[PDB]
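As structure tokens, the structure follows; a few thoughts come after it.
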Amino acid sequence: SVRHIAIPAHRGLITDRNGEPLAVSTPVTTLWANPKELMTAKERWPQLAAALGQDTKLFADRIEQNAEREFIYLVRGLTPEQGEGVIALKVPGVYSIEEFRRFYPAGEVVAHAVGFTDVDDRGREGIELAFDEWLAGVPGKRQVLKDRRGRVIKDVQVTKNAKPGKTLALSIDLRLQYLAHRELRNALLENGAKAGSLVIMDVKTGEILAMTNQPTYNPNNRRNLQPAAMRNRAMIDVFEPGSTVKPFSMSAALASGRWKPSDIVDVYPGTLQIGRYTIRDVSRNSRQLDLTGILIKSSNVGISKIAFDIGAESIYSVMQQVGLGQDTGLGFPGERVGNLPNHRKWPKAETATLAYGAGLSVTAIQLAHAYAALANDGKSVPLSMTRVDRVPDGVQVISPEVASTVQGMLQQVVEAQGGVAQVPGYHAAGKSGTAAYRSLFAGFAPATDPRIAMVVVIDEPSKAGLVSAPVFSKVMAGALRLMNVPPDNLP
Ligand SMILES: *C(=O)[C@@H](NC(=O)Cc1cccs1)[C@@H]1NC(C(=O)O)=C(/C=C/c2ccc([N+](=O)[O-])cc2[N+](=O)[O-])CS1
Ligand SMILES: *C(=O)[C@@H](NC(=O)Cc1cccs1)[C@@H]1NC(C(=O)O)=C(/C=C/c2ccc([N+](=O)[O-])cc2[N+](=O)[O-])CS1
């Protein structure tokens, strides 16, 4: 026969933004065998079987029914030294090829972002899949002719070296990723919740600094792996963002020319009839509220009446421009786009629902990206999961004046009240949402020069919006300090 013998390539190293290893190709031994040669040394089979801890008769049966085949694995991806224990038997037809297996040093802490490789050392999930073309490199080649018993008869013509894959530096900071993983895991146990997501973005660069989900898994130990636990929820799970989009409804109002923060809406009696449909506030002891008051009293009635005044088109436009229901450009296969509905004529019911964040569906990544644009004085920088050394130009999606006013309003949402999101030493700005409940918090800090945007989503808390705020407060306090951001609550 003439046979191609592929030479394994070294898969590219994945690191942290700081160069901390997240995915490393480990040298391993792959005991294969040439059945046709084994078939001439059957008295050695029981020993070899015991070494591979297989049943003697199952092993025997395997080799016998593969007697015509020149190639089969005994144990793929065995560790070396153990594999030198079997080569030690000197059993005819039993060989070794040096192979590469992925090790994930940070295991479960960054499982969804980094992902893992299939059996063939090919990317299957997360960055490993999305950058498979970059990380894979090029296998080398031997071309061999073989004996009738499958032995290497030489005439090998022009062995290729094999091209290694390139190293890739993520935008992820492993110090913020650990802090986010630990606080989200603790939040789920405290609040008895099922699942959750936490994204941290750099508002100046578009870099995702942290992306964690619960449940998680150990990518080094995928024995008892729940498909559930493998879900990168931050990028795959769409939800109604609800009240967390009210800052965008306020942005459209402030850009209309018809609204300033001190203008008043009468929300009495805390409900509003739309034909048959009835919009309903949770607290219904308000009459006149200004725009900051509408966010502080969580009035759906107030945001609905402003939306009727400015039109859904202006609200639709801001939401689309900040990337809600829009392709993120990260080209992670399976990443969801969600749904921002569009109409020629926006009826009253759909205008109100859009404005308070019902009837659209977004990902945690999209919402973080939208808060990032708002935090970055209305300028949207492109999302990246890889380290950004040279920052692309942002698109101005909200006017700097409007963005700056909405930042101010969201800082009074966090401050004016106290306890019930506060980040001691820093001015933080944020908005809670509550959509089987989902608890949301979206925010950014510090208010004087925003650095970080963060989204917290918690799925079905039991031990009871206000389950999300304390996670935000704790992760933001830690993230800003890990990034040496100077505290901005100054006299
Ligand atoms: C925006 O998401 C609004 N949510 C709704 O109108 C849908 C719901 C009505 C009642 C509950 S779901 C407004 N935003 C918020 C918010 O900003 O958090 C809420 C919060 C509701 C909430 C949160 C926690 C608790 N709790 O004590 O555990 C109780 C409530 N609640 O009073 O329902 C809803 S209005
Ligand atoms: C609407 O329901 C109000 N929020 C609540 O009282 C329910 C909560 C959700 C999470 C925590 S409280 C108004 N809406 C918002 C908002 O947009 O989130 C706020 C919240 C005020 C507030 C005050 C103090 C603190 N704190 O712990 O330091 C945090 C918040 N906060 O949750 O944003 C105005 S009340």
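Residues in the structure tokens are numbered from 1 in each chain, the chains being A, B, ... in the order shown, and ligands are numbered from 1 in the order shown.
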
Can you tell me, as a PDB file with N, CA and C atoms, in the first residue's frame, what residues are no more than 12 Å from residue 43 of chain A when counting only C-alpha atoms, ignoring any on the same chain fewer than 4 positions away?
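out18.pdb, written as the output of this step:
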```pdb
ATOM      1  N   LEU A  38       0.229  -7.989  15.387  1.00  0.00           N
ATOM      2  CA  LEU A  38      -0.343  -8.565  16.636  1.00  0.00           C
ATOM      3  C   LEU A  38      -0.756 -10.020  16.387  1.00  0.00           C
ATOM      4  N   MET A  39      -1.370 -10.291  15.232  1.00  0.00           N
ATOM      5  CA  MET A  39      -1.946 -11.618  14.881  1.00  0.00           C
ATOM      6  C   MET A  39      -0.844 -12.686  14.863  1.00  0.00           C
ATOM      7  N   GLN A  47      -1.192 -10.099  28.426  1.00  0.00           N
ATOM      8  CA  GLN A  47      -0.325  -9.080  29.093  1.00  0.00           C
ATOM      9  C   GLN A  47      -0.701  -7.663  28.641  1.00  0.00           C
ATOM     10  N   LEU A  48      -0.693  -7.418  27.325  1.00  0.00           N
ATOM     11  CA  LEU A  48      -1.006  -6.097  26.716  1.00  0.00           C
ATOM     12  C   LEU A  48      -2.416  -5.661  27.152  1.00  0.00           C
ATOM     13  N   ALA A  49      -3.383  -6.586  27.158  1.00  0.00           N
ATOM     14  CA  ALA A  49      -4.778  -6.314  27.575  1.00  0.00           C
ATOM     15  C   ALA A  49      -4.789  -5.844  29.037  1.00  0.00           C
ATOM     16  N   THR A  56      -9.452  -9.570  28.695  1.00  0.00           N
ATOM     17  CA  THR A  56      -8.610 -10.382  27.783  1.00  0.00           C
ATOM     18  C   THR A  56      -9.430 -10.795  26.557  1.00  0.00           C
ATOM     19  N   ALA A  60      -9.049  -9.581  22.742  1.00  0.00           N
ATOM     20  CA  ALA A  60      -8.803 -10.653  21.759  1.00  0.00           C
ATOM     21  C   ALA A  60      -9.787 -10.497  20.595  1.00  0.00           C
ATOM     22  N   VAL A  91       5.893  -5.892  22.749  1.00  0.00           N
ATOM     23  CA  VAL A  91       4.949  -6.823  22.064  1.00  0.00           C
ATOM     24  C   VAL A  91       4.992  -6.467  20.581  1.00  0.00           C
ATOM     25  N   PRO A  92       5.274  -7.429  19.677  1.00  0.00           N
ATOM     26  CA  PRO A  92       5.180  -7.191  18.235  1.00  0.00           C
ATOM     27  C   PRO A  92       3.899  -6.468  17.794  1.00  0.00           C
TER      28      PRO A  92
END
```

Residues of chain A at most 7 Å from ligand 1: nearest atom pair and distance in Å, only C-alpha atoms and all ligand atoms, as a Markdown table:
```
| residue | atom | partner | partner_atom_place_in_ligand_line | distance |
| --- | --- | --- | --- | --- |
| A:242 | CA | ligand 1 | 2 (O) | 4.4 |
| A:243 | CA | ligand 1 | 1 (C) | 3.6 |
| A:244 | CA | ligand 1 | 2 (O) | 6.8 |
| A:281 | CA | ligand 1 | 35 (S) | 6.5 |
| A:282 | CA | ligand 1 | 35 (S) | 5.3 |
| A:298 | CA | ligand 1 | 13 (C) | 5.1 |
| A:299 | CA | ligand 1 | 35 (S) | 6.7 |
| A:300 | CA | ligand 1 | 6 (O) | 6.3 |
| A:356 | CA | ligand 1 | 1 (C) | 6.5 |
| A:431 | CA | ligand 1 | 17 (O) | 6.6 |
| A:432 | CA | ligand 1 | 17 (O) | 4.1 |
| A:433 | CA | ligand 1 | 2 (O) | 3.9 |
| A:434 | CA | ligand 1 | 2 (O) | 4.3 |
| A:435 | CA | ligand 1 | 7 (C) | 5.1 |
| A:464 | CA | ligand 1 | 28 (O) | 5.8 |
| A:465 | CA | ligand 1 | 18 (O) | 4.0 |
| A:466 | CA | ligand 1 | 24 (C) | 5.4 |
```

Notebook entry, point to check: With only C-alpha atoms as the basis for distance, which of A:210, A:189, A:235, A:135 is at the shortest distance from residue 331 of chain A?
Noted result: A:235

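Distance check against ligand 2 using only C-alpha atoms and all ligand atoms: of A:295, A:17, A:328, A:463, the minimum falls on A:295.
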
Next item on the list: Between atom CA of residue 95 of chain A and atom CA of residue 32 of chain A, measure the distance and give it in Å to one decimal.
Entry: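 Taking atom CA of residue 95 of chain A as the start and atom CA of residue 32 of chain A as the end point, the length is 5.7 Å.
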
Check: If you count only C-alpha atoms, which residues fall within 9 Å of residue 167 of chain A, apart from same-chain ones fewer than 6 positions away, as a list in words?
Finding: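 Neighbouring residues, sequence-local ones excluded: residues 11, 12, 13, 14, 15, 134 and 135 of chain A.
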
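If you measure from each of A:62, A:246, A:231, A:305 to residue 430 of chain A using only C-alpha atoms, the closest one turns out to be A:246.
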
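Within segment 179-225 of chain A, DSSP applied to the backbone places the following residues in strand (DSSP E or B): residues 195, 196, 197, 198, 199, 200, 201, 202, 207, 208, 209, 210, 211, 212, 213 and 214 of chain A.
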